[PDB]
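Shown next: my_file12.tsv, containing TSV, C-alpha atoms and all ligand atoms.
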chain	number	residue	atom	x	y	z
A	1	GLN	CA	-25.31	-8.81	0.15
A	2	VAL	CA	-23.31	-11.09	-2.17
A	3	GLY	CA	-20.33	-9.70	-4.10
A	4	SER	CA	-20.81	-9.06	-7.89
A	5	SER	CA	-19.34	-12.07	-9.77
A	6	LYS	CA	-19.03	-13.28	-13.37
A	7	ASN	CA	-17.35	-16.49	-14.58
A	8	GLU	CA	-18.21	-16.48	-18.32
A	9	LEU	CA	-14.79	-17.69	-19.53
A	10	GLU	CA	-15.08	-20.72	-17.23
A	11	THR	CA	-18.71	-21.48	-18.25
A	12	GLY	CA	-18.71	-20.35	-21.90
A	13	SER	CA	-18.79	-22.86	-24.82
A	14	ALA	CA	-15.43	-23.23	-26.70
A	15	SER	CA	-17.72	-23.73	-29.78
A	16	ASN	CA	-19.23	-20.23	-29.18
A	17	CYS	CA	-16.26	-17.89	-28.44
A	18	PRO	CA	-17.09	-14.20	-28.08
A	19	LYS	CA	-15.63	-11.10	-29.69
A	20	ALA	CA	-13.95	-10.14	-26.39
A	21	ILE	CA	-13.09	-11.65	-23.00
A	22	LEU	CA	-12.49	-9.45	-19.90
A	23	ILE	CA	-10.43	-10.91	-17.06
A	24	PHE	CA	-10.57	-8.62	-13.95
A	25	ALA	CA	-8.96	-8.83	-10.52
A	26	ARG	CA	-10.62	-7.00	-7.58
A	27	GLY	CA	-9.02	-5.00	-4.72
A	28	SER	CA	-8.17	-6.21	-1.18
A	29	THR	CA	-11.23	-7.13	0.99
A	30	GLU	CA	-13.63	-6.81	-1.96
A	31	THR	CA	-16.28	-9.51	-2.30
A	32	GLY	CA	-17.22	-11.67	-5.24
A	33	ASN	CA	-14.71	-11.81	-8.07
A	34	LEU	CA	-15.44	-8.37	-9.61
A	35	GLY	CA	-15.59	-6.05	-6.60
A	36	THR	CA	-16.72	-2.46	-7.06
A	37	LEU	CA	-15.04	-1.68	-10.45
A	38	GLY	CA	-15.16	-4.99	-12.33
A	39	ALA	CA	-18.99	-5.09	-12.71
A	40	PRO	CA	-19.34	-1.56	-14.18
A	41	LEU	CA	-16.38	-2.21	-16.53
A	42	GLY	CA	-17.94	-5.51	-17.87
A	43	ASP	CA	-21.35	-3.83	-18.08
A	44	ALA	CA	-19.86	-1.06	-20.23
A	45	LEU	CA	-18.30	-3.60	-22.63
A	46	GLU	CA	-21.58	-5.56	-22.80
A	47	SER	CA	-23.53	-2.27	-23.47
A	48	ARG	CA	-21.18	-1.63	-26.47
A	49	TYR	CA	-21.04	-5.09	-28.10
A	50	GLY	CA	-23.97	-6.97	-26.61
A	51	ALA	CA	-23.89	-9.28	-23.54
A	52	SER	CA	-23.58	-12.39	-25.80
A	53	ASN	CA	-20.46	-10.96	-27.48
A	54	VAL	CA	-18.37	-10.41	-24.26
A	55	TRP	CA	-17.35	-12.95	-21.65
A	56	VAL	CA	-16.79	-11.20	-18.26
A	57	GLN	CA	-14.53	-13.22	-15.90
A	58	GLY	CA	-13.31	-12.28	-12.42
A	59	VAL	CA	-10.20	-13.69	-10.77
A	60	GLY	CA	-11.20	-15.88	-7.81
A	61	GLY	CA	-10.25	-19.35	-6.71
A	62	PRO	CA	-7.17	-18.86	-4.49
A	63	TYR	CA	-7.29	-15.09	-4.95
A	64	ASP	CA	-8.84	-14.16	-1.61
A	65	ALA	CA	-7.85	-10.42	-1.94
A	66	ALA	CA	-6.13	-10.66	1.45
A	67	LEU	CA	-4.75	-7.46	3.02
A	68	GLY	CA	-1.44	-9.14	4.05
A	69	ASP	CA	-0.66	-10.21	0.47
A	70	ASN	CA	0.01	-6.57	-0.60
A	71	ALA	CA	3.38	-6.93	1.24
A	72	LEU	CA	4.47	-9.96	-0.80
A	73	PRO	CA	6.71	-9.91	-3.91
A	74	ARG	CA	4.99	-8.07	-6.79
A	75	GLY	CA	2.06	-7.08	-4.51
A	76	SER	CA	-0.06	-10.30	-4.36
A	77	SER	CA	0.41	-13.95	-3.48
A	78	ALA	CA	2.15	-16.30	-5.89
A	79	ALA	CA	-1.00	-18.50	-5.90
A	80	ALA	CA	-3.26	-15.52	-6.78
A	81	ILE	CA	-0.94	-14.50	-9.64
A	82	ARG	CA	-0.93	-18.11	-10.86
A	83	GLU	CA	-4.75	-18.00	-10.93
A	84	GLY	CA	-4.56	-14.96	-13.25
A	85	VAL	CA	-2.15	-16.90	-15.47
A	86	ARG	CA	-4.52	-19.93	-15.46
A	87	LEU	CA	-7.41	-17.77	-16.70
A	88	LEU	CA	-5.25	-16.03	-19.38
A	89	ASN	CA	-4.10	-19.48	-20.60
A	90	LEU	CA	-7.76	-20.69	-20.55
A	91	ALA	CA	-8.78	-17.70	-22.72
A	92	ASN	CA	-6.00	-18.63	-25.17
A	93	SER	CA	-6.70	-22.41	-25.20
A	94	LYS	CA	-10.57	-22.08	-25.41
A	95	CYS	CA	-10.85	-18.98	-27.63
A	96	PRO	CA	-7.54	-18.17	-29.34
A	97	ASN	CA	-9.22	-15.84	-31.89
A	98	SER	CA	-11.05	-13.76	-29.20
A	99	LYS	CA	-9.67	-10.42	-28.10
A	100	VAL	CA	-8.66	-10.48	-24.43
A	101	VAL	CA	-8.71	-7.39	-22.22
A	102	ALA	CA	-7.48	-7.34	-18.64
A	103	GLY	CA	-8.10	-5.11	-15.66
A	104	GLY	CA	-7.45	-4.89	-11.96
A	105	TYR	CA	-7.97	-2.59	-8.98
A	106	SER	CA	-5.46	-2.10	-6.10
A	107	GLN	CA	-3.99	-5.51	-5.17
A	108	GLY	CA	-5.85	-6.78	-8.25
A	109	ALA	CA	-3.91	-4.34	-10.43
A	110	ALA	CA	-0.66	-5.80	-9.01
A	111	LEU	CA	-2.03	-9.35	-9.64
A	112	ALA	CA	-3.00	-8.45	-13.19
A	113	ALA	CA	0.39	-6.83	-13.92
A	114	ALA	CA	2.29	-9.87	-12.60
A	115	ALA	CA	0.11	-12.42	-14.37
A	116	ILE	CA	0.39	-10.56	-17.72
A	117	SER	CA	4.22	-10.37	-17.27
A	118	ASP	CA	4.25	-14.14	-16.52
A	119	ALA	CA	2.03	-15.09	-19.52
A	120	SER	CA	3.47	-16.17	-22.88
A	121	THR	CA	4.41	-13.86	-25.71
A	122	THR	CA	1.34	-15.21	-27.61
A	123	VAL	CA	-1.03	-14.66	-24.65
A	124	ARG	CA	0.34	-11.11	-24.20
A	125	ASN	CA	-0.33	-10.46	-27.92
A	126	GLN	CA	-3.93	-11.69	-27.42
A	127	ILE	CA	-4.40	-9.18	-24.51
A	128	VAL	CA	-5.11	-6.18	-26.73
A	129	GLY	CA	-5.63	-3.76	-23.82
A	130	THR	CA	-5.24	-3.57	-20.04
A	131	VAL	CA	-6.61	-1.05	-17.47
A	132	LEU	CA	-5.16	-0.72	-13.98
A	133	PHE	CA	-6.94	1.34	-11.27
A	134	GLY	CA	-5.05	2.41	-8.15
A	135	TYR	CA	-1.98	0.47	-9.32
A	136	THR	CA	-0.02	-0.48	-6.18
A	137	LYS	CA	3.15	-1.09	-8.27
A	138	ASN	CA	2.90	2.13	-10.35
A	139	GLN	CA	6.01	3.66	-8.77
A	140	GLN	CA	7.99	0.39	-8.63
A	141	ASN	CA	7.17	-0.60	-12.25
A	142	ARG	CA	7.55	3.03	-13.49
A	143	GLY	CA	3.94	3.25	-14.76
A	144	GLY	CA	4.04	0.04	-16.82
A	145	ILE	CA	3.58	-3.73	-16.91
A	146	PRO	CA	6.92	-5.52	-17.35
A	147	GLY	CA	7.09	-7.18	-20.83
A	148	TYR	CA	3.89	-5.46	-22.07
A	149	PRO	CA	3.76	-2.57	-24.52
A	150	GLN	CA	2.73	0.84	-23.21
A	151	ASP	CA	0.22	1.52	-26.04
A	152	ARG	CA	-1.93	-1.33	-24.69
A	153	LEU	CA	-2.06	0.07	-21.12
A	154	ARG	CA	-3.90	2.79	-19.20
A	155	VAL	CA	-3.01	3.34	-15.54
A	156	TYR	CA	-5.67	5.32	-13.60
A	157	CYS	CA	-3.88	6.84	-10.61
A	158	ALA	CA	-6.02	9.58	-9.02
A	159	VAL	CA	-4.50	12.79	-7.80
A	160	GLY	CA	-3.57	12.02	-4.19
A	161	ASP	CA	-3.77	8.20	-4.51
A	162	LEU	CA	-0.58	7.38	-2.59
A	163	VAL	CA	-0.74	3.64	-3.44
A	164	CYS	CA	0.47	4.79	-6.90
A	165	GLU	CA	3.44	6.48	-5.15
A	166	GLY	CA	5.24	3.52	-3.58
A	167	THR	CA	3.16	3.32	-0.36
A	168	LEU	CA	0.07	1.43	0.88
A	169	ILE	CA	-1.63	4.57	2.23
A	170	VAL	CA	-5.26	4.26	1.05
A	171	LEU	CA	-7.08	7.56	1.04
A	172	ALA	CA	-10.30	8.89	-0.52
A	173	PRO	CA	-8.74	9.17	-4.01
A	174	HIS	CA	-8.14	5.37	-3.99
A	175	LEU	CA	-11.97	4.99	-3.83
A	176	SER	CA	-12.57	7.37	-6.77
A	177	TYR	CA	-12.27	5.09	-9.83
A	178	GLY	CA	-16.00	4.29	-10.36
A	179	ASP	CA	-16.15	6.86	-13.19
A	180	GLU	CA	-13.07	5.47	-15.00
A	181	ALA	CA	-14.60	1.96	-14.70
A	182	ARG	CA	-17.79	3.30	-16.35
A	183	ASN	CA	-16.25	5.66	-18.92
A	184	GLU	CA	-12.55	6.05	-19.78
A	185	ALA	CA	-11.47	2.46	-19.09
A	186	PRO	CA	-14.15	0.68	-21.25
A	187	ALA	CA	-13.66	3.40	-23.94
A	188	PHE	CA	-9.93	2.58	-24.00
A	189	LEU	CA	-10.52	-1.21	-24.04
A	190	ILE	CA	-13.11	-0.74	-26.84
A	191	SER	CA	-10.50	1.14	-28.95
A	192	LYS	CA	-8.10	-1.82	-28.63
A	193	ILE	CA	-10.76	-4.56	-29.23
A	194	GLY	CA	-12.20	-2.64	-32.17
A	195	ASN	CA	-15.92	-1.86	-32.89
B	201	NA	NA	-21.51	-11.80	-21.44
B	202	NA	NA	-12.29	9.13	-10.95

If you convert what's in this file into structure tokens, what do you get?
Ligand code: NA
Ligand code: NA
Amino acid sequence: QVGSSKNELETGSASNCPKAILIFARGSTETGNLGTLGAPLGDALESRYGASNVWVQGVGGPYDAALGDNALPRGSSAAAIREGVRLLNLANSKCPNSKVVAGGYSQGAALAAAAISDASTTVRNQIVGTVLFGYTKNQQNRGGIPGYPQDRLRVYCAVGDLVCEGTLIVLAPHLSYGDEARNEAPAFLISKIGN
């Protein structure tokens, strides 16, 4: 087995920008750059618009999804958060007229939150919608992304997912977001991108 990965923002032509670009950060120990939730989420967007009209991009490079990095400031390493910021800035520099949507699972939700907070006011305006699954900073950020408007966010925190409740206790409900990745989350992102 090889982890599910997509790198379409990095490989795409700047002369052929898509309607939408998804940047997604996986959860700790997951393989590839999309993990378990990123691939179904990108597939749902590509089913809606067509695969040529969405660029799906996972967060990799120095983001190694390491278990220890959940204990760091903001819930991931500074280098992993910087990698999110590099991809958001790449989306903006290559394809400024494309709609960006962001997502993350678990540590990846913390990475996504921090990288969106760190991005410019113009980049945040380009990110029309964000979905967080099992958000490890839900309690500490009071259900939001600092500096990002609530209408553009959905947080999926399962009943009994204690990572949403200021701990790092990972129980069965933390593994229950496959349906939101397939259904509610792409439906929400689609509403913000437009038809
Ligand atoms: Na695509
Ligand atoms: Na679910």

Skip residue A:9 itself and residues of its chain fewer than 6 positions away, then list as a short mmCIF file (atom, residue, chain, number, x, y, z; two decimals) with C-alpha atoms, in the frame of the given file all residues within 8 Å of it, counting all atoms listed in the file.
data_model
loop_
_atom_site.label_atom_id
_atom_site.label_comp_id
_atom_site.auth_asym_id
_atom_site.auth_seq_id
_atom_site.Cartn_x
_atom_site.Cartn_y
_atom_site.Cartn_z
CA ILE A 21 -13.09 -11.65 -23.00
CA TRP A 55 -17.35 -12.95 -21.65
CA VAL A 56 -16.79 -11.20 -18.26
CA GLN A 57 -14.53 -13.22 -15.90
CA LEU A 87 -7.41 -17.77 -16.70
CA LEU A 90 -7.76 -20.69 -20.55
CA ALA A 91 -8.78 -17.70 -22.72
#

Which is closest to ligand NA 201 (chain B) among A:35, A:45, A:99, A:29, if we use all atoms listed in the file?
A:45

6 Å shell around ligand NA 202 (chain B) using all atoms listed in the file, listed as a list in words:
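Sorted by chain and then by number, the residues are residues 176, 177, 179 and 180 of chain A.
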
Please save C-alpha atoms of the selected residues as an mmCIF file, keeping the file's coordinate frame.
data_model
loop_
_atom_site.group_PDB
_atom_site.id
_atom_site.type_symbol
_atom_site.label_atom_id
_atom_site.label_comp_id
_atom_site.auth_asym_id
_atom_site.auth_seq_id
_atom_site.Cartn_x
_atom_site.Cartn_y
_atom_site.Cartn_z
ATOM 1 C CA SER A 176 -12.570 7.370 -6.770
ATOM 2 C CA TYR A 177 -12.270 5.090 -9.830
ATOM 3 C CA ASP A 179 -16.150 6.860 -13.190
ATOM 4 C CA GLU A 180 -13.070 5.470 -15.000
#

May I ask which of the residues A:5, A:107, A:47, A:52 is the closest one to residue A:77, counting only C-alpha atoms?
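Using only C-alpha atoms, the shortest distance to residue A:77 belongs to A:107.
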
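Proximity ranking of A:58, A:12, A:149, A:68 relative to residue A:112 places A:58 first, based on all atoms listed in the file.
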
Name all residues at most 10 Å from residue A:79 (count all atoms listed in the file; drop same-chain ones fewer than 2 positions away) and give them as a list in words.
residues 61, 62, 63, 64, 76, 77, 81, 82, 83, 84, 85 and 111 of chain A

Please identify all protein, DNA and RNA residues within 12 Å of ligand NA 201 (chain B), counting only C-alpha atoms and all ligand atoms, and report them as a PyMOL selection string.
chain A and resi 5-13+16-23+39+41-57

So, with all atoms listed in the file as the atoms that count, which of A:158, A:95, A:190, A:185 lies closest to residue A:40?
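Nearest to residue A:40: A:185.
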
Name the closest residue to residue A:37 among the candidates A:175, A:70, A:119, A:170; distances are taken between atoms, counting only C-alpha atoms.
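Residue with the minimum atom-to-atom distance to residue A:37: A:175.
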
Could you please determine the separation between atom CA of residue A:132 and atom CA of residue A:156 in Å, to one decimal place?
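Calculated distance between atom CA of residue A:132 and atom CA of residue A:156 is 6.1 Å.
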
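Among A:184, A:106, A:134, A:145, the residue with the shortest atom-to-atom distance to residue A:159, counting all atoms listed in the file, is A:134.
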
In the coordinates of the file, take the point (3.3, 1.0, 0.9) and a cut-off of 10 Å; then, counting only C-alpha atoms, name each qualifying protein, DNA or RNA residue as a count of residues only.
14

Separation of atom CA of residue A:178 from atom CA of residue A:34 in Å:
12.7 Å

Since fewer atoms than expected are present, regenerate N, CA and C atoms for stretch 53-82 of chain A and write them as a short mmCIF file (atom, residue, chain, number, x, y, z; two decimals), keeping the file's coordinate frame.
data_model
loop_
_atom_site.label_atom_id
_atom_site.label_comp_id
_atom_site.auth_asym_id
_atom_site.auth_seq_id
_atom_site.Cartn_x
_atom_site.Cartn_y
_atom_site.Cartn_z
N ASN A 53 -21.71 -11.15 -26.72
CA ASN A 53 -20.46 -10.96 -27.48
C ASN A 53 -19.27 -10.60 -26.59
N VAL A 54 -19.46 -10.63 -25.27
CA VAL A 54 -18.37 -10.41 -24.26
C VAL A 54 -18.49 -11.49 -23.20
N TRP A 55 -17.39 -12.12 -22.87
CA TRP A 55 -17.35 -12.95 -21.65
C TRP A 55 -16.67 -12.16 -20.54
N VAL A 56 -17.36 -11.91 -19.44
CA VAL A 56 -16.79 -11.20 -18.26
C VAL A 56 -16.38 -12.27 -17.22
N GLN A 57 -15.15 -12.20 -16.76
CA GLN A 57 -14.53 -13.22 -15.90
C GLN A 57 -13.77 -12.53 -14.79
N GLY A 58 -14.11 -12.76 -13.53
CA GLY A 58 -13.31 -12.28 -12.42
C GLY A 58 -12.28 -13.29 -11.99
N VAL A 59 -11.26 -12.86 -11.32
CA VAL A 59 -10.20 -13.69 -10.77
C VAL A 59 -10.59 -14.05 -9.34
N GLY A 60 -10.80 -15.35 -9.12
CA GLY A 60 -11.20 -15.88 -7.81
C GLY A 60 -10.32 -17.03 -7.41
N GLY A 61 -10.97 -18.12 -7.07
CA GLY A 61 -10.25 -19.35 -6.71
C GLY A 61 -9.36 -19.06 -5.53
N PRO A 62 -8.03 -19.22 -5.62
CA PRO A 62 -7.17 -18.86 -4.49
C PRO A 62 -6.88 -17.38 -4.28
N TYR A 63 -7.38 -16.54 -5.16
CA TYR A 63 -7.29 -15.09 -4.95
C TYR A 63 -8.43 -14.68 -4.03
N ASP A 64 -8.01 -14.53 -2.78
CA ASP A 64 -8.84 -14.16 -1.61
C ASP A 64 -8.71 -12.68 -1.29
N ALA A 65 -7.95 -11.88 -2.08
CA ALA A 65 -7.85 -10.42 -1.94
C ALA A 65 -7.47 -10.09 -0.50
N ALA A 66 -6.49 -10.81 0.04
CA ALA A 66 -6.13 -10.66 1.45
C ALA A 66 -5.21 -9.45 1.66
N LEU A 67 -5.50 -8.69 2.70
CA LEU A 67 -4.75 -7.46 3.02
C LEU A 67 -3.24 -7.75 3.15
N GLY A 68 -2.86 -8.83 3.81
CA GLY A 68 -1.44 -9.14 4.05
C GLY A 68 -0.68 -9.34 2.75
N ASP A 69 -1.37 -9.76 1.70
CA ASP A 69 -0.66 -10.21 0.47
C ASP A 69 -0.14 -8.99 -0.31
N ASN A 70 -0.57 -7.78 0.05
CA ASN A 70 0.01 -6.57 -0.60
C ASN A 70 1.50 -6.45 -0.28
N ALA A 71 1.98 -7.08 0.81
CA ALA A 71 3.38 -6.93 1.24
C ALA A 71 4.27 -7.94 0.53
N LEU A 72 3.68 -8.90 -0.17
CA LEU A 72 4.47 -9.96 -0.80
C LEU A 72 5.16 -9.46 -2.06
N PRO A 73 6.10 -10.26 -2.62
CA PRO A 73 6.71 -9.91 -3.91
C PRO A 73 5.72 -9.66 -5.05
N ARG A 74 5.85 -8.50 -5.66
CA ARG A 74 4.99 -8.07 -6.79
C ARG A 74 3.59 -7.70 -6.30
N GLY A 75 3.31 -7.71 -4.99
CA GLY A 75 2.06 -7.08 -4.51
C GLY A 75 0.85 -8.00 -4.44
N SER A 76 1.02 -9.32 -4.61
CA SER A 76 -0.06 -10.30 -4.36
C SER A 76 0.62 -11.63 -4.11
N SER A 77 -0.18 -12.62 -3.74
CA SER A 77 0.41 -13.95 -3.48
C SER A 77 0.82 -14.61 -4.77
N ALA A 78 1.80 -15.51 -4.70
CA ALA A 78 2.15 -16.30 -5.89
C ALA A 78 0.94 -17.12 -6.38
N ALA A 79 0.14 -17.68 -5.46
CA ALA A 79 -1.00 -18.50 -5.90
C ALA A 79 -2.07 -17.64 -6.58
N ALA A 80 -2.26 -16.38 -6.14
CA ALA A 80 -3.26 -15.52 -6.78
C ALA A 80 -2.78 -15.14 -8.19
N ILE A 81 -1.50 -14.85 -8.32
CA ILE A 81 -0.94 -14.50 -9.64
C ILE A 81 -1.04 -15.70 -10.58
N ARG A 82 -0.75 -16.89 -10.05
CA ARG A 82 -0.93 -18.11 -10.86
C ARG A 82 -2.37 -18.31 -11.35
#
